[PDB]
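A lone chain, given as structure tokens: the form deposited in one PDB entry.
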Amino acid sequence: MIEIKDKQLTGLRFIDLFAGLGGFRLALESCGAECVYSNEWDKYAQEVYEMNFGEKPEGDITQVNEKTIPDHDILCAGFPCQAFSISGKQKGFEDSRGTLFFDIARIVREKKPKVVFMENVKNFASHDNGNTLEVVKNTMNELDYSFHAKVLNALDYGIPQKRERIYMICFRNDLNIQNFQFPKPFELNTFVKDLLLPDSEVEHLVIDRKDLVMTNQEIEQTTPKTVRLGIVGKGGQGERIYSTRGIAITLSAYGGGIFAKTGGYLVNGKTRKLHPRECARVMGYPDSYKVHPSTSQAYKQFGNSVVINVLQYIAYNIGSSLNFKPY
């Protein structure tokens, strides 16, 4: 994460829905805002959260009486994506995990906050001939809010990882906000090799498979892109090897393969996966954040998460707009 000097959101309140590790809380707090309510139903996600923030989130949002929820100015939500991803079955609104958006709509109807801030995968903007996106837009306009949306890549915002996601921002109509803008990209200067831990700490993660087929030559000059150098088995998900002189592939939550969830990399002459701390760094978390004692739950948590840096820039732009009020 980055350091923020000018605290644009001081004085405001927000809620943390579909919480996870709490990536949305770290970003809004750095800008000055206060959290007054959080929700998340996973047993192990509730444990890490409490370890880092000192409070246990409330359970299953579908059984909560929205009238029970505190007053607030901004609603934060990074809802489930398994039903919308190109790696799954694209069932969408017909999937048991695909109707969470309607619970959000229901809460907004009662609480009517100033801003609603959501996040999902890239394919959300295309799914079902574009019907899925128009439905989200229409619901929001019907509730008296404006609708801004765009797809952004983490490699353009200072983090060495190829992660393309859609971001959706909505302002209440009586506020007449006419000057909101997504942030502008900038040159990358950090690569995978610059975030690695020492060899004496990851010996246990090295893999030696005899069906390895090196297909490309290592590069000596860094680049802002993924550079494949070889393969194992048939070369499907989790069986591909990359150079640390480029950028990292997308981290995942339910993925398989011998190099599961992180992918494989070439370090000092051998092939290995990434460690939980190296995972925290490619998502922008600081070294002071405590990871879960179970290595398996830690990999899954980081794979479902958000890149903090991209959220800090966007949150600052929301505040700049709310603060411009001339006579």
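By rigid core we mean the largest C-alpha set that fits within 1.5 Å across both forms. Don't overthink the numbering: it's just position in the shown sequence, from 1.
As for the form deposited in another entry, it is not shown, yet the points below apply to it.
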{"item": "Of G98, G257, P160, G78, the one whose Cα moves 2 Å or more between the shown form and the other one after core superposition", "value": "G98"}
{"item": "Pairwise C-alpha change, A105 versus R97, in the other entry against this form - closer or farther, 3 angstroms or more", "value": "closer"}
{"item": "Pairwise C-alpha change, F53 versus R97, in the other entry against this form - closer or farther, 3 angstroms or more", "value": "farther"}
